[PDB]
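Below is one structure; the comments refer to it alone.
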Amino acid sequence: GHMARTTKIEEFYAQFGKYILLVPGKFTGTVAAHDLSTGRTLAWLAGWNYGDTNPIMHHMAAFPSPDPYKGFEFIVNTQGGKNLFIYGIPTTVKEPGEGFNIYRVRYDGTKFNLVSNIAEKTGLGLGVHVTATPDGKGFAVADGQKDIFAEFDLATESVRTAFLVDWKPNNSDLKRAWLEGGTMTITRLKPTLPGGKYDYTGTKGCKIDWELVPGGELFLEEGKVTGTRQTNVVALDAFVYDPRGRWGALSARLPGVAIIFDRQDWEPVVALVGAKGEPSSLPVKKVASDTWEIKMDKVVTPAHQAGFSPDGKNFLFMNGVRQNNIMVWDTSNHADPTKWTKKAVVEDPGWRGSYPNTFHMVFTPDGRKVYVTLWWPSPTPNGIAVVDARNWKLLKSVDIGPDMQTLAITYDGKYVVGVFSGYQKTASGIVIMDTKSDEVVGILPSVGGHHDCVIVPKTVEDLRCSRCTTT
Amino acid sequence: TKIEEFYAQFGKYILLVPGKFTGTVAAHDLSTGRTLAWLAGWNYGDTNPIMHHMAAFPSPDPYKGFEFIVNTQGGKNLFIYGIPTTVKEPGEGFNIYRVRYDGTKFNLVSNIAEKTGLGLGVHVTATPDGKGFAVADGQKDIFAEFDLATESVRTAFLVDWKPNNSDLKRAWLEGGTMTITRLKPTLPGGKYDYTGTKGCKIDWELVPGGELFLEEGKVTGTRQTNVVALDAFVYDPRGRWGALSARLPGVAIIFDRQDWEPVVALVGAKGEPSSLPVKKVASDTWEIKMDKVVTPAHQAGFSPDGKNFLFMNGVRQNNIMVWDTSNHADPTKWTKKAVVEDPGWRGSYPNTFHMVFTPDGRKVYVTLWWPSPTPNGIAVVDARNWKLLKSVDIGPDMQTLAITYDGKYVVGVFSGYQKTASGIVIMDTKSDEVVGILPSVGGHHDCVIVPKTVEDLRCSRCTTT
Ligand SMILES: [Cl-]
Ligand SMILES: [Cu+2]
Ligand SMILES: [Cu+2]
Ligand SMILES: [Cu+2]
Ligand SMILES: [Cu+2]
Ligand SMILES: [Cu+2]
């Protein structure tokens with residue numbers, strides 16, 4: 001009786017509705033769109049076909065389309081250089097391609113079209129998170145080896161702003177360069193090359209020779225990452241947007257800070273400090289027309305992912321490794337982020353070791369729950385935490401598979417869709433969870449080392465639960 | 001609804017697929033939906049990893065480990081699928097990789113093309129004992145059979161065409177002489193000199209229906225009128241014999257694997273003789289004389305009991321030709337016994353270029369391929385009475401078919417012409433209905449279910465392609 005009678009998969013896909021899942025492949029070098037209504041992959045693209053010899057396809061965000069099945073657009077970026085050598089693949093390659101591309105891709109109802117390489121046009125090769133603006137007409141990219149982020153206009157493919165963030169440690173000893181505090185300097189960059197182009201293509205600008213991998217923020221202090229400016233790294237990760245407009249939050253993994261910027265005048269306004277027991281925030285002081293500083297007397301723990309709730313009234317930052325928890329600020333005062341204060345922290349006895357790390361997140365459309373991945377190194381099963389986002393309590397934890405990464409949600413709020421990625425070498429897949437029962441409904445096969453996933457949105461209200469407000 | 005009931009109908013089988021233009025290989029667990037492992041060829045410095053064909057060897061427990069061969073194409077094969085790449089100098093490719101799954105990940109064990117000097121980019125087939133494998137190439141018109149344990153060449157042959165009429169449009173229709181030459185290594189350490197694009201007569205593998213494009217002057221290359229377009233070396237499951245398919249002359253040349261000689265040439269076309277003789281003209285050279293070539297042919301393969309051989313005529317006829325090969329002792333006695341035709345099968349399309357039998361031999365499933373935008377599908381053929389039963393539409397660009405070794409489900413892949421919809425399709429062999437499609441990032445031109453026993457190879461990438 002253990003073998004099911006002949007069973008068709010139609011009922012399974014029919015429940016999800018008409019939603020398209022987009023995924024980058026990391027070491028596979030691909031991007032792909034899947035139709036959750038039929039199980040068909042609608043299209044894919046392999047970067048090496050176009051002459052990118054190191055297409056580590058990393059992060060992406062998609063823009064609202066009135067009918068994704070007829071067409072949509074998205075940005076996907078890459079890493080490059082010695083990032084090829086950090087996931088245990090026994091490649092004999094001597095000189096890896098430079099990478100750090102930023103590609104604009106359009107689905108036309110049949111296939112993907114590679115529209116442009118925005119890194120080649122602008123000179124900004126940035127390899128970490130890609131976030132759409134709340135209006136769907138721009139996007140940001142950050143990089144945690146160069147510590148640069150920029151916001152871009154989609155229609156003109158031009159740079160709206162670019163900033164460099166630097167650390168100056170109180171103690172020059174690598175082991176204590178963050179623990180014992182330091183000064184973070186924020187500089188608004190100006191282009192230096194003809195046509196308003198920046199000089200940051202490829203590996204140019206890297207302070208360290210490869211990324212701090214998932215779970216690996218302390219590998220730099222710990223003396224395992226080479227580079228020419230090791231003790232100046234902050235590891236910028238993402239720029240996430242307040243859905244009510246005006247503010248963005250730039251996450252710096254090593255100092256454990258989220259720097260709030262005013263997008264109206266492009267200035268940093270306050271620094272939120274992640275660690276439990278530390279102040280809600282630290283002031284930002286302007287020291288020159290283009291330069292601001294934040295002073296920290298210690299750094300308690302690094303931090304990971306950040307996000308605003310769909311209504312913009314809560315901001316989350318995940319402390320990791322030295323503390324593993326979800327830190328929550330009351331951001332209800334839209335007029336003045338200097339007033340944003342810590343209101344809750346989600347903790348659990350099972351989070352007391354180095355791992356699991358509280359990781360990527362997605363909120364339900366109504367804000368009532370947030371789903372948060374729980375990351376561990378091999379071989380512990382990674383999983384999903386379900387959190388009550390009104391009372392800030394852990395409801396449930398479920399095991400999924402190795403190397404759990406990002407989460408998306410269908411825009412009717414019914415199904416969370418996530419990816420796990422096998423550390424680029426073992427089991428990978430797409431996991432779907434029902435948000436009413438909080439149960440896994442199934443795993444679909446996936447050739448991918450994905451560190452992202454998005455469901456293509458139809459409207460700007462969808463972006464409030466997409467790769468815009470959170471990572 | 002949960003997917004558990006869906007995966008629970010399958011049993012414990014691993015599907016292995018190459019990605020073609022994705023550059024990947026992957027294994028998926030049909031009992032849970034998980035991808036077990038994958039490998040990306042570009043990560044290893046293969047700059048044009050068009051991952052093409054593959055065969056897996058019997059494993060006592062595939063979930064604890066298994067081994068396979070996957071090859072690549074290279075050169076201007078990058079440029080024939082409509083991708084608007086600006087690459088000017090494509091990687092040489094034509095690698096042959098041995099890959100092992102260890103229960104957790106894939107391990108690239110060796111590049112047998114580098115070790116042997118034979119870079120061969122079309123079908124890979126396992127031998128019936130699971131201890132060797134063949135690779136053929138239809139740009140170079142070379143094939144070889146290899147020993148797995150020693151990673152060494154057992155035999156290699158070159159096949160060449162001398163046309164009766166040197167005009168390109170008439171170079172096959174008006175006949176010619178096919179010369180078969182046993183090759184010997186020419187470099188130190190018993191290595192051949194055929195790596196990368198070395199030896200190509202044409203700049204890409206002929207497409208489905210592509211014999212007409214070669215005749216019309218649309219395929220570039222240095223020896224366009226001397227190509228036969230070898231496709232595969234498929235094995236008689238009873239041992240002793242292999243069949244080398246040559247697409248352009250529409251011939252399957254039968255080899256004796258013990259003394260490495262060609263013994264007879266089966267001629268695909270309806271209305272033509274069952275076979276032509278092979279004449280030995282020198283110690284290492286044999287000839288086949290053809291006064292005309294009535295039509296090309298492509299898919300070729302044996303039924304699981306070895307008693308039937310199939311060759312699919314395409315282009316100028318469109319049918320499945322069937323020989324009685326019940327006489328294992330003497331292939332010169334193999335004789336045409338049936339032809340599967342249909343009013344909907346004419347010309348180049350559908351192009352019937354992959355198949356799989358049920359373990360009991362009662363049915364054969366055959367791909368029905370067409371160019372965009374015609375829906376592609378699967379034909380179900382009665383392999384006892386030799387008649388078409390049913391055709392099912394699947395999606396764009398239907399490619400290979402495998403079967404679970406209990407006979408219950410055909411598992412196939414479709415591939416989007418490297419640019420549109422792709423997926424894994426699963427069909428119930430009792431109802432002959434699709435039970436579902438699973439997503440697949442792949443342009444796969446092959447697929448296999450990892451076998452446990454040598455008997456399983458009778459219905460894997462051994463007896464058919
Ligand atoms: Cl054998
Ligand atoms: Cu049972
Ligand atoms: Cu991140
Ligand atoms: Cu990542
Ligand atoms: Cu073939
Ligand atoms: Cu192919």
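To be explicit about the labels: the chains of the structure tokens are called A, B, and onward in the order shown, and within each one the residues are counted from 1, while ligands get numbers from 1 in the order they are shown.
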
Close residues to ligand 2 using only C-alpha atoms and all ligand atoms, limit 10 Å, as a PyMOL selection string: (chain A and resi 1-5) or (chain B and resi 8-9)

Could you write out the selected residues, including C-alpha atoms, as a JSON list (two decimals), in the first residue's frame?
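File out32.json, as written:
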[["chain", "number", "residue", "atom", "x", "y", "z"],
["A", 1, "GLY", "CA", 0.00, 0.00, 0.00],
["A", 2, "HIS", "CA", 3.11, 2.16, 0.20],
["A", 3, "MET", "CA", 3.26, 2.82, -3.53],
["A", 4, "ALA", "CA", 0.77, 5.52, -4.43],
["A", 5, "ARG", "CA", -1.67, 4.63, -7.22],
["B", 8, "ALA", "CA", 5.61, 8.10, -3.57],
["B", 9, "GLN", "CA", 4.35, 6.47, -6.81]]

Could you work out which residues of chain A fall inside 7 Å of chain B? Count only C-alpha atoms, and format the result as an mmCIF file with N, CA, C and O atoms, in the first residue's frame.
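Once written, selection.cif looks like this:
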data_model
loop_
_atom_site.group_PDB
_atom_site.id
_atom_site.type_symbol
_atom_site.label_atom_id
_atom_site.label_comp_id
_atom_site.auth_asym_id
_atom_site.auth_seq_id
_atom_site.Cartn_x
_atom_site.Cartn_y
_atom_site.Cartn_z
ATOM 1 N N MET A 3 3.108 2.143 -2.250
ATOM 2 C CA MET A 3 3.257 2.821 -3.530
ATOM 3 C C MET A 3 1.908 3.445 -3.839
ATOM 4 O O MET A 3 0.903 2.736 -3.943
ATOM 5 N N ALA A 4 1.943 4.770 -4.032
ATOM 6 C CA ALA A 4 0.770 5.521 -4.435
ATOM 7 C C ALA A 4 0.293 4.961 -5.781
ATOM 8 O O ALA A 4 1.124 4.569 -6.628
ATOM 9 N N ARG A 5 -1.040 4.839 -5.924
ATOM 10 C CA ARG A 5 -1.670 4.633 -7.217
ATOM 11 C C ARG A 5 -1.196 5.753 -8.128
ATOM 12 O O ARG A 5 -0.679 6.772 -7.649
ATOM 13 N N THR A 6 -1.380 5.587 -9.443
ATOM 14 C CA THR A 6 -1.014 6.674 -10.349
ATOM 15 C C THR A 6 -1.624 7.998 -9.871
ATOM 16 O O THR A 6 -2.836 8.096 -9.651
ATOM 17 N N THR A 7 -0.770 9.026 -9.728
ATOM 18 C CA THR A 7 -1.162 10.318 -9.184
ATOM 19 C C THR A 7 -0.672 11.436 -10.111
ATOM 20 O O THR A 7 0.516 11.477 -10.458
ATOM 21 N N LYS A 8 -1.552 12.378 -10.479
ATOM 22 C CA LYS A 8 -1.117 13.497 -11.326
ATOM 23 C C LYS A 8 -0.717 14.686 -10.454
ATOM 24 O O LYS A 8 -1.278 14.908 -9.377
ATOM 25 N N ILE A 9 0.205 15.522 -10.956
ATOM 26 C CA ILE A 9 0.734 16.571 -10.100
ATOM 27 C C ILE A 9 -0.107 17.851 -10.224
ATOM 28 O O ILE A 9 0.160 18.846 -9.531
ATOM 29 N N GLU A 11 -3.075 18.875 -9.124
ATOM 30 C CA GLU A 11 -3.709 19.449 -7.935
ATOM 31 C C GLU A 11 -2.671 20.227 -7.134
ATOM 32 O O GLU A 11 -2.968 21.254 -6.502
ATOM 33 N N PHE A 12 -1.433 19.736 -7.181
ATOM 34 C CA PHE A 12 -0.370 20.312 -6.382
ATOM 35 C C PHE A 12 -0.089 21.718 -6.921
ATOM 36 O O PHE A 12 -0.043 22.667 -6.167
ATOM 37 N N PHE A 27 27.232 29.106 -8.259
ATOM 38 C CA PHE A 27 28.284 28.446 -9.049
ATOM 39 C C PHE A 27 27.727 27.780 -10.314
ATOM 40 O O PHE A 27 28.517 27.377 -11.168
ATOM 41 N N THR A 28 26.404 27.632 -10.475
ATOM 42 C CA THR A 28 25.935 27.089 -11.760
ATOM 43 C C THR A 28 26.119 28.095 -12.899
ATOM 44 O O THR A 28 26.193 27.666 -14.055
ATOM 45 N N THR A 30 23.803 30.267 -13.872
ATOM 46 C CA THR A 30 22.539 30.460 -14.589
ATOM 47 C C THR A 30 21.612 31.368 -13.798
ATOM 48 O O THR A 30 21.757 31.645 -12.600
ATOM 49 N N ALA A 32 17.092 31.589 -13.882
ATOM 50 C CA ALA A 32 15.952 30.801 -14.395
ATOM 51 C C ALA A 32 14.649 31.332 -13.810
ATOM 52 O O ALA A 32 14.597 31.862 -12.692
ATOM 53 N N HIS A 34 10.662 29.901 -13.144
ATOM 54 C CA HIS A 34 9.807 28.712 -13.072
ATOM 55 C C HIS A 34 8.342 29.103 -12.906
ATOM 56 O O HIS A 34 7.985 29.956 -12.070
ATOM 57 N N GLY A 39 4.800 23.833 -13.266
ATOM 58 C CA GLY A 39 6.047 23.074 -13.061
ATOM 59 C C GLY A 39 7.066 23.249 -14.182
ATOM 60 O O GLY A 39 8.228 22.764 -14.053
ATOM 61 N N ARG A 40 6.696 24.011 -15.220
ATOM 62 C CA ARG A 40 7.591 24.207 -16.346
ATOM 63 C C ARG A 40 8.591 25.316 -15.988
ATOM 64 O O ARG A 40 8.205 26.328 -15.379
ATOM 65 N N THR A 41 9.847 25.128 -16.361
ATOM 66 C CA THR A 41 10.788 26.238 -16.387
ATOM 67 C C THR A 41 10.517 27.067 -17.622
ATOM 68 O O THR A 41 10.562 26.561 -18.734
ATOM 69 N N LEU A 42 10.188 28.345 -17.448
ATOM 70 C CA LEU A 42 9.808 29.154 -18.615
ATOM 71 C C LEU A 42 11.001 29.546 -19.480
ATOM 72 O O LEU A 42 10.883 29.634 -20.695
ATOM 73 N N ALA A 43 12.136 29.834 -18.836
ATOM 74 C CA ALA A 43 13.326 30.276 -19.548
ATOM 75 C C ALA A 43 14.499 30.218 -18.586
ATOM 76 O O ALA A 43 14.312 30.383 -17.367
ATOM 77 N N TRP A 44 15.689 30.132 -19.164
ATOM 78 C CA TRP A 44 16.910 30.288 -18.378
ATOM 79 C C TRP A 44 17.968 30.946 -19.245
ATOM 80 O O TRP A 44 17.840 30.984 -20.483
ATOM 81 N N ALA A 46 22.476 31.240 -19.328
ATOM 82 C CA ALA A 46 23.772 30.856 -18.789
ATOM 83 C C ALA A 46 24.777 31.928 -19.130
ATOM 84 O O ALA A 46 25.098 32.154 -20.287
ATOM 85 N N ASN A 49 27.735 31.608 -21.709
ATOM 86 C CA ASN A 49 27.443 31.594 -23.155
ATOM 87 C C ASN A 49 27.785 32.946 -23.760
ATOM 88 O O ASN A 49 28.031 32.999 -24.992
ATOM 89 N N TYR A 50 27.698 34.016 -22.939
ATOM 90 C CA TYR A 50 27.877 35.378 -23.446
ATOM 91 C C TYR A 50 29.317 35.827 -23.235
ATOM 92 O O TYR A 50 29.636 36.990 -23.538
ATOM 93 N N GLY A 51 30.206 34.957 -22.745
ATOM 94 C CA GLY A 51 31.616 35.320 -22.600
ATOM 95 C C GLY A 51 31.981 35.792 -21.196
ATOM 96 O O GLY A 51 33.144 36.197 -20.993
ATOM 97 N N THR A 53 33.379 34.578 -18.110
ATOM 98 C CA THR A 53 34.036 33.324 -17.810
ATOM 99 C C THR A 53 34.001 32.985 -16.308
ATOM 100 O O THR A 53 34.418 31.892 -15.920
ATOM 101 N N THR A 91 38.755 22.908 -8.297
ATOM 102 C CA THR A 91 39.142 23.453 -9.591
ATOM 103 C C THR A 91 40.655 23.741 -9.646
ATOM 104 O O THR A 91 41.234 24.145 -8.612
ATOM 105 N N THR A 92 41.245 23.512 -10.820
ATOM 106 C CA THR A 92 42.663 23.814 -11.025
ATOM 107 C C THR A 92 42.873 25.153 -11.736
ATOM 108 O O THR A 92 43.996 25.543 -12.085
ATOM 109 N N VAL A 93 41.792 25.965 -11.919
ATOM 110 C CA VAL A 93 41.899 27.268 -12.557
ATOM 111 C C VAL A 93 42.913 28.153 -11.842
ATOM 112 O O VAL A 93 42.802 28.324 -10.643
ATOM 113 N N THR A 110 8.640 34.358 -24.014
ATOM 114 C CA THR A 110 9.223 33.149 -24.573
ATOM 115 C C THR A 110 10.610 32.897 -23.967
ATOM 116 O O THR A 110 10.940 31.726 -23.680
ATOM 117 N N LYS A 111 11.439 33.917 -23.879
ATOM 118 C CA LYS A 111 12.830 33.689 -23.528
ATOM 119 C C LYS A 111 13.361 34.882 -22.745
ATOM 120 O O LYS A 111 12.745 35.961 -22.701
ATOM 121 N N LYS A 425 27.679 22.118 -3.523
ATOM 122 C CA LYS A 425 28.224 20.753 -3.776
ATOM 123 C C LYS A 425 27.256 19.618 -3.443
ATOM 124 O O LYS A 425 27.415 18.551 -3.995
ATOM 125 N N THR A 426 26.303 19.790 -2.492
ATOM 126 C CA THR A 426 25.429 18.695 -2.130
ATOM 127 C C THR A 426 23.984 19.085 -2.472
ATOM 128 O O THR A 426 23.751 19.892 -3.427
ATOM 129 N N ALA A 427 23.027 18.562 -1.721
ATOM 130 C CA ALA A 427 21.625 18.638 -2.126
ATOM 131 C C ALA A 427 21.100 20.077 -2.133
ATOM 132 O O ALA A 427 21.473 20.931 -1.344
ATOM 133 N N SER A 428 20.271 20.308 -3.160
ATOM 134 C CA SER A 428 19.681 21.640 -3.405
ATOM 135 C C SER A 428 18.210 21.439 -3.786
ATOM 136 O O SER A 428 17.776 20.360 -4.236
ATOM 137 N N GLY A 429 17.426 22.543 -3.670
ATOM 138 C CA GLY A 429 15.996 22.391 -3.997
ATOM 139 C C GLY A 429 15.231 23.664 -3.723
ATOM 140 O O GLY A 429 15.745 24.609 -3.167
ATOM 141 N N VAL A 441 4.792 21.793 2.054
ATOM 142 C CA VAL A 441 3.948 21.086 1.099
ATOM 143 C C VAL A 441 4.762 20.338 0.052
ATOM 144 O O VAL A 441 4.231 19.396 -0.547
ATOM 145 N N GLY A 442 6.031 20.722 -0.152
ATOM 146 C CA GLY A 442 6.846 19.895 -1.027
ATOM 147 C C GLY A 442 8.192 20.546 -1.347
ATOM 148 O O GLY A 442 8.392 21.732 -1.055
ATOM 149 N N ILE A 443 9.048 19.734 -1.953
ATOM 150 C CA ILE A 443 10.351 20.146 -2.477
ATOM 151 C C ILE A 443 10.302 19.849 -3.962
ATOM 152 O O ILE A 443 9.824 18.782 -4.377
ATOM 153 N N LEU A 444 10.756 20.817 -4.786
ATOM 154 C CA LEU A 444 10.960 20.659 -6.226
ATOM 155 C C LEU A 444 12.442 20.641 -6.551
ATOM 156 O O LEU A 444 13.231 21.286 -5.855
ATOM 157 N N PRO A 445 12.871 19.912 -7.599
ATOM 158 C CA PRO A 445 14.288 19.868 -7.912
ATOM 159 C C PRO A 445 14.793 21.220 -8.381
ATOM 160 O O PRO A 445 14.029 22.032 -8.924
ATOM 161 N N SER A 446 16.068 21.436 -8.101
ATOM 162 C CA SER A 446 16.660 22.724 -8.494
ATOM 163 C C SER A 446 18.157 22.556 -8.726
ATOM 164 O O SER A 446 18.917 22.340 -7.748
ATOM 165 N N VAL A 447 18.649 22.740 -9.964
ATOM 166 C CA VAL A 447 20.091 22.808 -10.215
ATOM 167 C C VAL A 447 20.515 24.240 -9.943
ATOM 168 O O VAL A 447 20.386 25.109 -10.792
#

Which residues form the shell of 8 Å around ligand 5 when you count only C-alpha atoms and all ligand atoms, given as a short mmCIF file (atom, residue, chain, number, x, y, z; two decimals) with N, CA, C and O atoms, in the first residue's frame?
data_model
loop_
_atom_site.label_atom_id
_atom_site.label_comp_id
_atom_site.auth_asym_id
_atom_site.auth_seq_id
_atom_site.Cartn_x
_atom_site.Cartn_y
_atom_site.Cartn_z
N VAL B 122 29.53 13.40 -29.56
CA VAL B 122 28.13 12.95 -29.75
C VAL B 122 27.84 11.77 -28.80
O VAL B 122 28.18 11.88 -27.61
N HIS B 123 27.14 10.70 -29.18
CA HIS B 123 26.57 9.87 -28.13
C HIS B 123 27.60 9.07 -27.32
O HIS B 123 28.59 8.58 -27.89
N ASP B 231 26.68 8.94 -35.41
CA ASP B 231 25.81 9.39 -34.32
C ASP B 231 26.11 8.62 -33.05
O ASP B 231 26.49 9.19 -32.03
N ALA B 232 25.99 7.27 -33.14
CA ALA B 232 26.10 6.46 -31.92
C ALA B 232 26.71 5.09 -32.21
O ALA B 232 26.57 4.64 -33.37
N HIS B 298 18.46 8.23 -38.38
CA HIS B 298 19.12 8.69 -37.16
C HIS B 298 18.99 7.67 -36.01
O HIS B 298 19.92 6.89 -35.79
N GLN B 299 17.89 7.69 -35.24
CA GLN B 299 17.81 6.82 -34.07
C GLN B 299 18.02 5.34 -34.44
O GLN B 299 17.50 4.87 -35.43
N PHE B 353 14.15 11.02 -32.90
CA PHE B 353 15.58 10.80 -32.74
C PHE B 353 15.97 10.28 -31.37
O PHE B 353 17.20 10.19 -31.14
N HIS B 354 15.01 9.86 -30.49
CA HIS B 354 15.37 9.15 -29.25
C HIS B 354 14.28 8.16 -28.94
O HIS B 354 13.14 8.31 -29.41
N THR B 465 19.63 5.29 -28.02
CA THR B 465 19.92 6.65 -27.62
C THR B 465 18.67 7.57 -27.48
O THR B 465 18.91 8.78 -27.24
#

Backbone-only DSSP, helix (DSSP H, G or I) members of range 142-350 of chain B, as a list in words: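 Answer for range 142-350 of chain B, restricted to helix (DSSP H, G or I): residues 168, 169, 170, 210, 211, 212, 213, 214, 215, 224, 225, 226, 331, 332 and 333 of chain B.
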
Only C-alpha atoms, please: the residues just picked out, written as a PDB file, in the first residue's frame.
ATOM      1  CA  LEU B 168      27.468  19.161 -52.694  1.00  0.00           C
ATOM      2  CA  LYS B 169      23.692  18.849 -53.294  1.00  0.00           C
ATOM      3  CA  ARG B 170      24.165  15.410 -54.966  1.00  0.00           C
ATOM      4  CA  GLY B 210      20.273  19.175 -41.169  1.00  0.00           C
ATOM      5  CA  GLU B 211      21.381  16.901 -44.004  1.00  0.00           C
ATOM      6  CA  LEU B 212      19.380  19.243 -46.289  1.00  0.00           C
ATOM      7  CA  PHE B 213      21.197  22.258 -44.886  1.00  0.00           C
ATOM      8  CA  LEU B 214      24.595  20.586 -45.547  1.00  0.00           C
ATOM      9  CA  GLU B 215      23.514  19.803 -49.129  1.00  0.00           C
ATOM     10  CA  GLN B 224      31.785  18.939 -46.141  1.00  0.00           C
ATOM     11  CA  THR B 225      31.414  16.258 -48.883  1.00  0.00           C
ATOM     12  CA  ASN B 226      33.389  13.617 -46.963  1.00  0.00           C
ATOM     13  CA  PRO B 331      24.522 -10.397 -38.600  1.00  0.00           C
ATOM     14  CA  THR B 332      24.825 -10.862 -42.366  1.00  0.00           C
ATOM     15  CA  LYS B 333      21.525 -12.784 -41.965  1.00  0.00           C
TER      16      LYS B 333
END

I'd like the neighbourhood of residue 66 in chain A as a CSV table (one decimal) with N, CA, C and O atoms, in the first residue's frame, where a residue qualifies if any of its atoms comes within 9 Å (using only C-alpha atoms), though same-chain residues fewer than 6 positions away should be ignored.
chain,number,residue,atom,x,y,z
A,72,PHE,N,8.6,40.5,-18.2
A,72,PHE,CA,9.0,41.2,-17.0
A,72,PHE,C,10.5,41.5,-17.1
A,72,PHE,O,11.2,40.9,-18.0
A,457,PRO,N,6.8,40.4,-9.2
A,457,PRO,CA,5.6,41.1,-8.7
A,457,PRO,C,4.8,41.7,-9.8
A,457,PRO,O,5.3,42.0,-10.9
A,458,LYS,N,3.5,42.0,-9.5
A,458,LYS,CA,2.6,42.7,-10.4
A,458,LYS,C,2.5,44.2,-10.1
A,458,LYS,O,2.2,45.0,-11.0
A,459,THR,N,2.7,44.5,-8.8
A,459,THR,CA,2.5,45.9,-8.4
A,459,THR,C,3.5,46.4,-7.4
A,459,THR,O,4.2,45.6,-6.8

Residue nearest ligand 3 among A:270, A:148, A:306, A:45 (counting only C-alpha atoms and all ligand atoms): A:306

Long-range neighbours of range 180-187 of chain A as a PyMOL selection string, 10 Å cut-off, only C-alpha atoms, 2 positions minimum in chain: chain A and resi 147-148+162-173+175-178+189-190+232-234+252+255+259+267-268+284-300

Ligand 4 neighbours within 10 Å using only C-alpha atoms and all ligand atoms, as a count of residues only: 20

Top pick for closest residue to residue 317 in chain B, considering B:183, B:339, B:244, B:447 and counting only C-alpha atoms: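 Going through B:183, B:339, B:244, B:447 one by one, the smallest distance to residue 317 in chain B is for B:339.
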
Residue nearest ligand 1 among B:127, B:181, B:313, B:295 (counting only C-alpha atoms and all ligand atoms):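 For ligand 1, the nearest of the given residues is B:127.
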
Test item: residues no farther than 8 Å from ligand 6, counting only C-alpha atoms and all ligand atoms, as a ChimeraX atom specification: /B:20,52-53,122,205,444-445

Env. residues ligand 1 / 10 Å / only C-alpha atoms and all ligand atoms / as a list in words: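 These are the residues that qualify: residues 126, 127, 128, 129, 130, 131, 132, 133, 235, 236, 237, 238, 239, 240, 241, 242, 257, 454 and 462 of chain B.
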